[PDB]
Amino acid sequence: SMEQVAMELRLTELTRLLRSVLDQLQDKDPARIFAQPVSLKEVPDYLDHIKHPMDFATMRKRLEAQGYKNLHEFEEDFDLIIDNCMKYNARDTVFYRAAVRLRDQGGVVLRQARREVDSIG
């Protein structure tokens with residue numbers, strides 16, 4: 001149907017906007033602390049601590065299969081990145097501090113992305 005096509009076009013345009021949002025958020029992590037999944041080889045107990053692991057590469061895989069239906073979904077995954085890190089790692093660590101900075105800086109980007117996703121529908 002033409003309706004299904006139009007919905008697909010909206011999903012594709014969301015996907016384009018989210019790809020740019022993701023690049024901007026990832027630039028707020030120049031150390032690349034959140035680039036890849038936490039390794040179970042190097043933190044074998046990780047899944048006893050954190051129930052839903054997340055990282056930028058896993059987000060990117062989901063994005064390229066057009067797997068985010070809305071911004072809410074994508075923000076949930078970004079928040080998991082930050083929130084997981086702040087629970088697993090102590091306050092006095094390079095990891096925790098990197099999450100705080102990503103949260104603070106990413107907040108700016110997400111504030112306007114919410115307006116762009118509303119605004120362009």
# chains A, B, ... in the order shown; residues from 1 in each chain; ligands from 1

$ closest_atom_pairs --of "region 60-115 of chain A" --to "region 21-40 of chain A" --cutoff "8 Å" --atoms "only C-alpha atoms" --output "CSV"
residue,atom,partner,partner_atom,distance
A:60,CA,A:22,CA,7.8
A:81,CA,A:34,CA,7.2
A:95,CA,A:33,CA,7.1
A:98,CA,A:29,CA,7.2
A:101,CA,A:28,CA,7.6
A:102,CA,A:28,CA,5.6
A:105,CA,A:28,CA,6.6
A:106,CA,A:25,CA,5.6
A:109,CA,A:21,CA,7.2
A:110,CA,A:21,CA,7.6
A:113,CA,A:21,CA,7.1

$ atom_distance --atom1 "CA of residue 69 (chain A)" --atom2 "CA of residue 3 (chain A)"
16.3 Å

$ residues_around --residues "residue 118 (chain A)" --least-positions-apart "6" --cutoff "12 Å" --atoms "only C-alpha atoms" --output "CSV table (one decimal) with N, CA, C and O atoms, in the first residue's frame"
chain,number,residue,atom,x,y,z
A,14,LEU,N,13.5,9.4,10.1
A,14,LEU,CA,13.9,9.2,11.6
A,14,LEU,C,15.3,8.6,11.7
A,14,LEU,O,16.1,9.1,12.5
A,17,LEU,N,18.0,11.1,10.9
A,17,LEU,CA,18.2,12.1,12.0
A,17,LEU,C,18.9,11.4,13.2
A,17,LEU,O,19.8,12.0,13.8
A,70,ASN,N,10.9,5.3,17.3
A,70,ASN,CA,10.8,6.7,17.7
A,70,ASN,C,12.0,7.1,18.6
A,70,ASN,O,12.9,6.3,18.8
A,71,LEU,N,12.1,8.4,18.9
A,71,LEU,CA,13.2,8.9,19.7
A,71,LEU,C,13.2,8.4,21.1
A,71,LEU,O,14.3,8.2,21.7
A,72,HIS,N,12.1,8.1,21.7
A,72,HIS,CA,12.0,7.6,23.0
A,72,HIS,C,12.8,6.3,23.1
A,72,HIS,O,13.6,6.1,24.0
A,111,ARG,N,18.0,17.6,23.7
A,111,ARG,CA,17.0,18.6,23.9
A,111,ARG,C,16.5,19.1,22.5
A,111,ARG,O,15.3,19.3,22.3
A,112,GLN,N,17.4,19.4,21.6
A,112,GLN,CA,17.1,19.9,20.3
A,112,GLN,C,16.6,18.8,19.3
A,112,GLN,O,15.7,19.0,18.5

$ closest_residue --among "A:20, A:84, A:15, A:89" --to "residue 63 (chain A)" --atoms "only C-alpha atoms"
A:15

$ atom_distance --atom1 "CA of residue 13 (chain A)" --atom2 "CA of residue 80 (chain A)"
24.1 Å

$ atom_distance --atom1 "CA of residue 4 (chain A)" --atom2 "CA of residue 114 (chain A)"
24.3 Å

$ closest_residue --among "A:115, A:10, A:103, A:19" --to "residue 62 (chain A)" --atoms "only C-alpha atoms"
A:19

$ select_by_dssp --residues "region 17-84 of chain A" --states "helix (DSSP H, G or I)" --output "ChimeraX atom specification"
/A:17-26,46-49,56-64,71-84

$ closest_residue --among "A:50, A:18, A:2, A:117" --to "residue 86 (chain A)" --atoms "only C-alpha atoms"
A:50

$ residues_around --residues "residue 78 (chain A)" --least-positions-apart "5" --cutoff "9 Å" --atoms "only C-alpha atoms" --output "ChimeraX atom specification"
/A:25,54-56,59,73,83,103

$ write_last_selection --atoms "C-alpha atoms" --output "PDB file, in the first residue's frame"
ATOM      1  CA  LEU A  25      26.597  11.899  21.145  1.00  0.00           C
ATOM      2  CA  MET A  54      24.338  -1.256  26.059  1.00  0.00           C
ATOM      3  CA  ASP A  55      27.050   0.504  24.042  1.00  0.00           C
ATOM      4  CA  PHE A  56      27.340   2.734  20.892  1.00  0.00           C
ATOM      5  CA  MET A  59      22.950   1.075  19.116  1.00  0.00           C
ATOM      6  CA  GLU A  73      13.388   4.105  22.102  1.00  0.00           C
ATOM      7  CA  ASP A  83      23.055   4.436  33.801  1.00  0.00           C
ATOM      8  CA  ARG A 103      25.071  12.669  30.067  1.00  0.00           C
TER       9      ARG A 103
END

$ closest_residue --among "A:120, A:65, A:99, A:11" --to "residue 79 (chain A)" --atoms "only C-alpha atoms"
A:99

$ decode --residues "region 61-78 of chain A" --atoms "N, CA, C and O atoms" --output "short mmCIF file (atom, residue, chain, number, x, y, z; two decimals), in the first residue's frame"
data_model
loop_
_atom_site.label_atom_id
_atom_site.label_comp_id
_atom_site.auth_asym_id
_atom_site.auth_seq_id
_atom_site.Cartn_x
_atom_site.Cartn_y
_atom_site.Cartn_z
N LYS A 61 24.17 -0.84 15.28
CA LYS A 61 23.62 -2.03 14.60
C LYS A 61 22.08 -1.97 14.54
O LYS A 61 21.45 -2.24 13.50
N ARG A 62 21.47 -1.61 15.66
CA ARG A 62 20.04 -1.49 15.70
C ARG A 62 19.51 -0.38 14.73
O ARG A 62 18.53 -0.59 14.00
N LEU A 63 20.22 0.74 14.67
CA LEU A 63 19.84 1.88 13.87
C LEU A 63 19.85 1.52 12.40
O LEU A 63 18.92 1.81 11.71
N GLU A 64 20.90 0.84 11.95
CA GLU A 64 21.03 0.47 10.55
C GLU A 64 20.08 -0.64 10.04
O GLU A 64 19.93 -0.82 8.83
N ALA A 65 19.44 -1.36 10.94
CA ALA A 65 18.34 -2.21 10.61
C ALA A 65 17.03 -1.43 10.75
O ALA A 65 15.96 -2.05 10.85
N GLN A 66 17.11 -0.09 10.82
CA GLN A 66 15.95 0.79 11.14
C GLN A 66 15.13 0.29 12.30
O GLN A 66 13.91 0.23 12.23
N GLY A 67 15.81 -0.05 13.40
CA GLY A 67 15.18 -0.66 14.55
C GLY A 67 14.71 0.28 15.65
O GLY A 67 14.15 -0.17 16.63
N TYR A 68 14.94 1.59 15.51
CA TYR A 68 14.28 2.55 16.39
C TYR A 68 13.02 3.20 15.74
O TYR A 68 13.12 3.95 14.78
N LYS A 69 11.87 2.93 16.35
CA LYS A 69 10.57 3.41 15.81
C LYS A 69 10.34 4.84 16.15
O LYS A 69 9.62 5.51 15.41
N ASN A 70 10.94 5.31 17.26
CA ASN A 70 10.79 6.69 17.73
C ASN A 70 12.02 7.13 18.55
O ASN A 70 12.94 6.33 18.78
N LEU A 71 12.07 8.40 18.92
CA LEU A 71 13.22 8.92 19.70
C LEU A 71 13.23 8.38 21.10
O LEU A 71 14.33 8.19 21.68
N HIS A 72 12.06 8.13 21.67
CA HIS A 72 11.97 7.57 23.01
C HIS A 72 12.82 6.28 23.11
O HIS A 72 13.60 6.15 24.02
N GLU A 73 12.65 5.38 22.15
CA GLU A 73 13.39 4.10 22.10
C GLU A 73 14.93 4.31 22.10
O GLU A 73 15.67 3.59 22.76
N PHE A 74 15.38 5.24 21.29
CA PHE A 74 16.76 5.54 21.12
C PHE A 74 17.32 6.17 22.41
O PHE A 74 18.39 5.79 22.84
N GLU A 75 16.60 7.11 22.99
CA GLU A 75 16.99 7.67 24.29
C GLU A 75 17.04 6.65 25.44
O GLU A 75 17.92 6.78 26.33
N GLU A 76 16.13 5.68 25.44
CA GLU A 76 16.19 4.59 26.41
C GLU A 76 17.56 3.89 26.35
O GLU A 76 18.20 3.67 27.40
N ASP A 77 18.00 3.59 25.13
CA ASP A 77 19.28 2.88 24.92
C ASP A 77 20.46 3.80 25.33
O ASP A 77 21.43 3.34 25.92
N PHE A 78 20.40 5.08 24.98
CA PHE A 78 21.47 6.01 25.43
C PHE A 78 21.54 6.10 26.95
O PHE A 78 22.62 5.98 27.57
#
